[PDB]
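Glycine gets a Cβ as well: all are built from the backbone with ideal geometry, and neighbour counts include every protein chain shown. Just so you know, all these numbers are worked out from the coordinates, no wet-lab data involved.
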Amino acid sequence: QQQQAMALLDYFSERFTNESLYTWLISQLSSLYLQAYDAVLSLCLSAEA
Amino acid sequence: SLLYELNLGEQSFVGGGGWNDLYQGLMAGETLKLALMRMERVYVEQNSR
Amino acid sequence: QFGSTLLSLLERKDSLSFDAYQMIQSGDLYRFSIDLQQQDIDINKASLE
Amino acid sequence: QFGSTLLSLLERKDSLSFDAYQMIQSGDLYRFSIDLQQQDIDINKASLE
């Protein structure tokens, strides 16, 4: 049980889809999302004026 | 085409790497959206009667 | 749509493959533990013998 | 879309990390409990001894 359990944890870790990819995305995405905010700001300001 | 109107000389906003092997290029479109929007900003800014 | 799609289905694959490894590989439990009864029967037999 | 996306995936991290922490840290159980058999074997040996 213990041996196959540690093999299971290894196998689970070797997802080829890891959350680390997810962190890479979200960080990037978040920056992009900032830039998006920046756009919207310009839009609305000009609009109201 | 934007440059043909803007005539600001060569500057580039598009960038590579939107595609990526490891990350399977998941965010290229978002990259474009970013570029697109800022260019739109420039457009309304410089299109000037 | 691709992004979301691949994301969802890969996460599905991941989860199902987790339980897949668990179920297929751990299924050896009964064979391994046959002795539990397969020898305790002799344990009881030896008493009266 | 950003909001929903990050929401879903963060919740993924949370859930998977809950069970991840659980599995990795609690996995010490077999090592900790080796004595269960590792000494009862001697318990029985001492009887005939």
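Brief remarks on what is shown
- Residue count for the stretch B:36-49 satisfying the condition of being assigned to a helix (DSSP H, G or I) and of a type in the set (S, T, N, Q): 1.
- Scanning the stretch B:5-48 for residues that are small (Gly, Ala, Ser) and surrounded by 14 or more Cβ atoms within 10 Å (Cβ to Cβ) turns up B:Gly18, B:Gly25, B:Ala28, B:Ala35.
- Test: residue in the stretch D:28-49 that is without any contact (Cβ under 8 Å) to a residue 60 or more places away in the chain and in contact with a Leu (Cβ under 9 Å, 6 or more places away or on another chain): no
- For the stretch B:13-35, the candidate set comprises residues that are among the hydrophobic types (A, V, I, L, M, F, W, C), under 22 Å from A:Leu43 (Cβ atoms) and not in a loop (DSSP other than H, G, I, E, B); within that set, the residue that is nearest to the other protein chains (Cβ to nearest Cβ) is B:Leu34.
- Number of the exception - C:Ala20 against (1) more than 28 Å from A:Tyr11 (Cα to Cα); (2) surrounded by 10 or more Cβ atoms within 10 Å (Cβ to Cβ): (1)
- Leading residue by the ranking (farthest from the chain's Cα centre (by Cα)) among those in chain D that are in a helix (DSSP H, G or I), of a type in the set (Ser, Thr, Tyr) and within 13 Å of chain A (Cβ to nearest Cβ): D:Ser4
- All positions within the stretch A:1-29 that are within 10 Å of chain D (Cβ to nearest Cβ) and hydroxyl-bearing (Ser, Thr, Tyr): A:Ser13, A:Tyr22, A:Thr23
- Residue that is nearest to A:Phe16 (Cα to Cα) [pool: residues in the stretch B:5-26 that are of a type in the set (A, V, I, L, M, F, W, C) and under 14 Å from the mean Cα position of the chain (by Cα)]: B:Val14
- Of the residues screened, A:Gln28 is not one that is more than 28 Å from the chain's Cα centre (by Cα) and without any contact (Cβ under 8 Å) to a residue 12 or more places away in the chain.
- Scanning the stretch B:1-12 for residues that are closer than 20 Å to A:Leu32 by Cα and in a helix (DSSP H, G or I) yields a count of 0.
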